[PDB]
Every structure is written in structure tokens, then in C-alpha cells.
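For reference, the chain that follows is the form deposited in one PDB entry, supplied as C-alpha cells.
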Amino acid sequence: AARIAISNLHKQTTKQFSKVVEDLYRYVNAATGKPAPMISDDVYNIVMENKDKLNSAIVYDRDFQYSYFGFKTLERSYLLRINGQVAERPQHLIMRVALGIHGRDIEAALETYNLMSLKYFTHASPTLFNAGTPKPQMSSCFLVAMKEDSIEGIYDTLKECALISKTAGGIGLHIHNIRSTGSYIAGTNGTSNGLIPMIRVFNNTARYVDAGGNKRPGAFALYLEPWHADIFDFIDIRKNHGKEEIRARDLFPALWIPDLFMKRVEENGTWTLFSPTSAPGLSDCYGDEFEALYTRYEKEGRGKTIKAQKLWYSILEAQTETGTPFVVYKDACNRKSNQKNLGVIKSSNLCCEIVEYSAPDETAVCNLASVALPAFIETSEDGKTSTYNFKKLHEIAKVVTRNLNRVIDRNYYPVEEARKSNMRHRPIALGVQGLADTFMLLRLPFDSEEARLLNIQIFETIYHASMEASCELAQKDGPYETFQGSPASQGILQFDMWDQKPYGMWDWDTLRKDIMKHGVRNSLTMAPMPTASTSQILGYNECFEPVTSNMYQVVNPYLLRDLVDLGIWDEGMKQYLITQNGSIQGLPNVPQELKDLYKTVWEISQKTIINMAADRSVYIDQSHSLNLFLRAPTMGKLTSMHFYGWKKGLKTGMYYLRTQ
């Protein structure tokens, strides 16, 4: 039923790739008469200086590797359109991206093409949209420093967010340095109205600057340390009742939480709200130095004191009703980062996965790709028994590292703060998809001991691969110029800063030796992301999370197969699945091992989830996007899940909270 919509595009599309390129490159806007080339000069020339190799490299059967709503995703917003009509076949997209990345290095270009066609890995949406086009904006993440506590700084920053927001890419914006409601203003002997009305401005600019033309309104995440005096209204930003003038329903509130806050809450003690003018320096330190400053300011009567658990209660009431604010731990992030030699890090990003240094003159950028976990499953020399090919994983992650590092040099930056930042530090971000499928396919329930060991092994091999590739690059071209002085420069790597020994699949000593000697090309390398749209392009389950339902109507393909094998699949079976809302538990005539393998995420303990996140995190340079799920959520239920994660030492304690 879904080759019917595939084999109509093959009907109404040119075959030869270079002709498609020419077509795109020569395009003209009919309603206007101006030449609108959809390919850059650079890539045009490279295709033409090499027409015959490139044209014969493409294998068009690889267009059937796609699914029901997987293809109609590529169709509806990825493949370049000519006259509101699709002009690019899936393979054409892929080949374009490979060249946009590699330039005159044709050998690299063909390598990338193959591994993407076969679905080994994919680059993030911005790269899929823009690679190979006239002004190549391939980056997904921007972390912006609010430039100064003044109207000038504020409006300079607002400008920058619009300039960034108009060319794809999500924003993490940190605002801890903006004075709160009531605070004194010298220049006009007047009194500030604080964060919420200012939040309304950014909100309004978000709904106006609908990315590029009319593509889609912007998404901002805002980061605040919970000691800021406007905190109670900041967390409530997404409620759907009460006074309309105090909300801001297109933005996401995110908490940048210091350890001190969590102590006061479990101690059932006090918490003191400040304005950053009465208490300067607080976001410019962490850990011990911070607790020394905060405690003194608290002693000096400089703020207002509250019952710590009064705030907590509100925070939980907000999360239960709206699934926000997100929770990320400031101290964990700063203490365990290879960017520490640059200064203090002030926020994460839109999906709580990036952890990079930003300042008024440096805006942090990151470029992203995801490896497809199921692709490396190998049922080798007997069948009905499968193994996992870690040597191939290591191989692939090395190429993805080279791509992402080449992307840095060929990307178009929307703002000069971004170009300065990337050329100096060269951060990079790799992630994954299809974990649940990998588990399902290997017959491991998500909460099994076997699943836990696998999680650890995968993430170890990815980190080691990327560091090595980055080391070879530092041999050809130098190290990144900020390398001198880094934890890496002394032989401290990521698991080191968690005080753990690595699981040991790969040889860390020789890698460390080489690194200390020749340096490394990239300040950072790992940051597992949500894959919300790329994962369904490839047909795997989102991310590194379990399934939400055995029926999205279309039924779990691994479950489906199994019920037929056992005969039991009939019509009583069709029904109690749409009835029981995707649950196979408590179903009369169904074996236990199946019930075990097809637990819905509302049926797995959130304690298990936290543990697996804690396990992989020692292999992550940056952070990762951890959603949480609950049936009939009580205040107590949530409290324990937050504290549990905090104590495991997680950077990102909570992304969304989904309920009922």
C-alpha cells in the first residue's frame, strides 16, 4: 500500500542526477523573473568536473528502504521542490549532502553516500535541508549569551535571535543577568517590570519570525537559575488558564539548577531569591566557589527568603499540568566538561543535549548526526542467533566524525559570534536512534540485565572512535587553538571526570598517549539527541527510549509477527489492543516472554530508565534528552524520580513529563 506513493515519484521525476542538479542550479522564480539557484557555484562545478563517476554511483533501488509515513515525511518537507512539486528523489538528496560536505575530495563523497543510502546513519534536518545549497547553514543548535543587562544589550540579543531564527536552528537563551521585578534603574529613576514582560517580547519575535519565509515559527528554550526573583511566574509560563498577560505559550521554561537548591529542598530548609544586581557574579561560578558567594549574599540580607519546599511544590504542580519546566544540573555540566579552560558554561539548548561555552562575543554552535543502532545487528553463521558488530560501529562513527568536522569549515554562519566560536573550539555532536528496536530485535526486554550491558558497550565504542578520528586530524592540521590547558591536554577524558574506569572494550591508554602528544581537533564530540523527525525517516523508534505503545492504526511490527507465529492472532486480538490502549499485559491467551518484551514505557519503572541514562553518560562529552513517563502521578511519585536522577550525577535530569 506504500509503494503506491513511492512509485509515482519515480514516475514524475528525472533519472540522471546531474540533470536534476542543472535543473536546480538554473531555476528561476516565475512570478518574479529573478534567478534563484538552488545549488552553490562550488558544488555545481564539482558535479560537472566529475559527471560520469557521480551519476553511475547512485543505486535507485535504495529508495525502497523506506516506510509508510517514513517516505511521506521526506516528501512533504525534505526533498527540494521545484514548482510546489517534488524534483528530488531520495537518492538525489543524499548525494547532494555528500558533496556539500566533502568538496573536491570525491573519494570521501562516495563513502558518505553509500553508508547513508544503506541507512547506516543520517545527518540532522538542517544538514538534510541545506547541504550543497548556495548558503549552507547546516547547524541545529545555538546557545546565546544575553549580551548585557540594558536595553541596548537586550535588543542586540533579540536581533541576533531573529537572525538565527530565520535560518533554521533552535535556540537556547540564558537570561540570569537580567534584573528582576521592582529593581532600580538609574538612567530614568524608575522601576523594572522584570522577566515576564521581557519574555513576552521574545515570545512575540518567535511567532513573527516563522523560520525563513513561512516555514515554521521559532522554538526557544529559556534558561534561568532558580534563585532568580521572578522564578514563580517563570515556571508557570505554559499554563492554560488564569491571567493571559502573565503567560507566554510558545516558549519553553528550563531550570539551570545548582546543587545547593536540591539540598535545601531535601533538608526541608530555606531558599533565598535575588536580583542579579543585588547579587553579582552568581552565574559566573559553580560548585564550591558558588556556594561561598551565595551563602555570603544570603548572610548580607541581599535577597528574599522562602521555604524551599514552597517553590518545589509549585515546580511539580507546573510539570504535572504542562510537562514543563525542564531540569538541567549546572554543577554537573561545568565540573565534567572539556571546555572548562575557556570559562563558566551558562546553559544548555532547546532539547537539553548540548553543553558548550557562550559569551557576548562567542555564540556556541553544534552540528549533529545520528548513528542507526539496528543496522549493526548481525545474525552470523547459523541464523536464529544474532550478534552486534562493534567493529563496524567504531568504523562508521569515525567517518561521521570526519564529516561533522568538515561541516565546521564549510558551514555558513548567520552571525559572526557563531563563526568566531566554532573556528576556535570546533565542537561536534553524535547521537543514536533505534535502541528499542535493537533491544526488541535481539529479544532483550528493556529492563533486562542483557539490555543494560548492551547500552554500555554501544556508547563506549562511539566515544573512543570519535576521539581517535579527532586525534588523526590534529596530526594533519594542528590541534584546535584552544587545546593547550584542557582536561584533554593532560590526559583527563570524560569517564575520568566521573571517577570511573572505562568498561574496557577499547585501548584507552594508547589513545591518551597520542592525544597528549599531538592534541585533538575537536573540543567536544558526543551529544545524544531526540531524533524526533530523522528517526521516522529511517523507520526506527525515537531515540534511546522504549516504545510508548504497541500500536501507533499500525501495530508494532515485532509484536505483530509474533502473534501470528503463535496462531492466537485473530479478531479478539485485533480488539483488546485498540481497547487496552496498546497494552498486551493482562491479555487472556498470551505467553509471558511476550508480555515481558513488549512493555509499554508506562509499564517500565522510571528507576530503570534513570539507571541506563546514568550508565551511558560517562561516555558523553556533553549531555542527553531524557523524557519521563507516569500513569497516575502524585507529588511524591515525581519528587523521588527527580532526586534519584540528581543523585546519579546526571546533567539533564528531566526533559518532558508526559502523563496519564
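Residue indices: 1-based, along the sequence shown.
- For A211, the fraction of other compared entries lacking coordinates, among those that model flanking residues, reaches at least a third.
- Judged by the one-third criterion across other entries of this protein, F446, modelled here, is also modelled in every one of those that cover both its neighbours.
- Missing deposited residues between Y552 and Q553: 4 to 9, all without coordinates in the entry.
- For the pair 408-416 and 541-549, the record assigns the higher mean C-alpha temperature factor to 541-549.
- Between 163-171 and 584-592, it is 584-592 that carries the larger average Cα temperature factor according to the deposited entry.
- Highest CA B-factor among the listed residues (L342, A145, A219, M262): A219.
- Taking the PDB entry at face value, the top CA B factor among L54, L626, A614, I620 belongs to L54.
- The deposited CA B-factor of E395 belongs to the middle third of values across its chain.
- Sort the chain's modelled residues by C-alpha temperature factor and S533 lands in the highest third, per the entry.
- Sort the modelled residues of the chain by CA B factor and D233 lands in the lowest third.
- Residue-level temperature factors show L24 in the middle third of its chain, judged at the C-alpha atom.
- Among all modelled residues in its chain, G84 ranks in the highest third by Cα B-factor.
The next section is about a form of this same protein that is not shown, the form solved in complex with a partner chain.
- Put simply, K647 is close to its partner chain in the deposited bound form: some heavy atom of it is within 4.5 Å.
- Not displayed here, its partner chain is kept clear of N50 by more than 4.5 Å at the level of heavy atoms in the deposited bound form.
- Contact between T600 and its partner chain in the deposited bound form is not found at the 4.5 Å heavy atom cutoff.
- Its partner chain is not drawn, but in the deposited bound form it has a heavy atom within 4.5 Å of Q309.
- With its partner chain omitted here, the record of contacts in the deposited bound form names 630-638 of 630-638, 612-620, 592-600, 42-50, defined by a heavy atom within 4.5 Å.
- For the options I106, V344, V399, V265, the residue carrying a heavy atom within 4.5 angstroms of its partner chain in the deposited bound form is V265.
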